[PDB]
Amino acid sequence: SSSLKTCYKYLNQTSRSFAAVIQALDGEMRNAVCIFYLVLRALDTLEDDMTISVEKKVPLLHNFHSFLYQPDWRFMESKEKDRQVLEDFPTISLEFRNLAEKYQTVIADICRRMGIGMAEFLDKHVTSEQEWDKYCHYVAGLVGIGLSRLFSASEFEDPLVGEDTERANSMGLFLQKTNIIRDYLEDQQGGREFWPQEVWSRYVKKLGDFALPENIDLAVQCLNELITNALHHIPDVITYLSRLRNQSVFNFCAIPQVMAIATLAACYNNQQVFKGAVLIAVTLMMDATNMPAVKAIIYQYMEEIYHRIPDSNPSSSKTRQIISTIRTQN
């Protein structure tokens, strides 16, 4: 099916750190997840295309889950790079309708529940940490639940995976925050903001001030507070990963999470996060293909952070509290 070939071609084109593990999924989960990642990509391609007015965008987002069942629909007024998926959307919609109704259900549902949240923030900004969790819930949190629901529907993972929408939520919230925190600069030099105001407001006047050499010290302090915030999702991330019983599925969830921790440990109290690029011993003897190994890798990156925590740092007291919990817990 050349139509299916095209999809995977776009997947590797719009997903450099997932296509590999996705195409490694067993049976049904493979095509399902592949498509699920293509629709969300197209949806994200819209919310970001600024060339589109809010009055014209909201509708496109609210009625995105509908374009799926409309064999002809396709957006051409996209100036983004991923526009390719929107223009040739019919191909994606074609495969989508080729999936079992079970998967069509979960996906379409997410695209709908997500198309609402995304549009909801097209006018406002993330203020409180609570509003930050809420945002991460629509753009990524749901993505976590959607998959968890596909793993249970595929019958490769016990029903509990898709039931505990909490962990599925924390899982996606951990990666999204790690991204938001890491991509601060580019997002700023991109004209967008994702950091919680009620947090950076206690350090500087505008969120963009962290892009100024004179506010580098304050930038790090705020950075550490947001990193300490994401560390709380770990307890759940660990618990979720320990419930998986399918290798292919584990490799799909484990790897991303492990790289999130590695990144947080590489960014913690690091000024490079505001200057340029930030690159990531018993951890050399293990790999993220089994639970006992992930934990060991995680616990290590934890001490790596716990060892660089400044006593002066305003959020140091908290940073240790959480790390101390992850150690003892279980």
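One-based numbering along the sequence shown.
Unmodelled residues of the deposited sequence between neighbouring positions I280 and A281 number 4 to 9. Here the stretch with the larger average CA B-factor, out of 171 to 179 and 100 to 108, is 100 to 108. 51 to 59 and 292 to 300 differ in mean CA B-factor, and the higher of the two is recorded for 51 to 59. For the set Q247, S242, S78, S201, the PDB entry assigns the largest Cα B-factor to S78. Remark: of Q321, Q23, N313, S15, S15 shows the highest value [criterion: C-alpha B-factor in the PDB entry]. In the PDB entry, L122 places in the highest third of its chain by CA B-factor.
In the deposited entry, the Cα temperature factor of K134 sits in the middle third of values across the chain's modelled residues. In the deposited entry, the Cα temperature factor of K206 sits in the middle third of values across the chain's modelled residues.
When the CA B factors of the chain's modelled residues are split into thirds, the value for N31 lands in the middle one. The entry lists a Cα temperature factor for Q84 that places it in the highest third of the chain's modelled residues.
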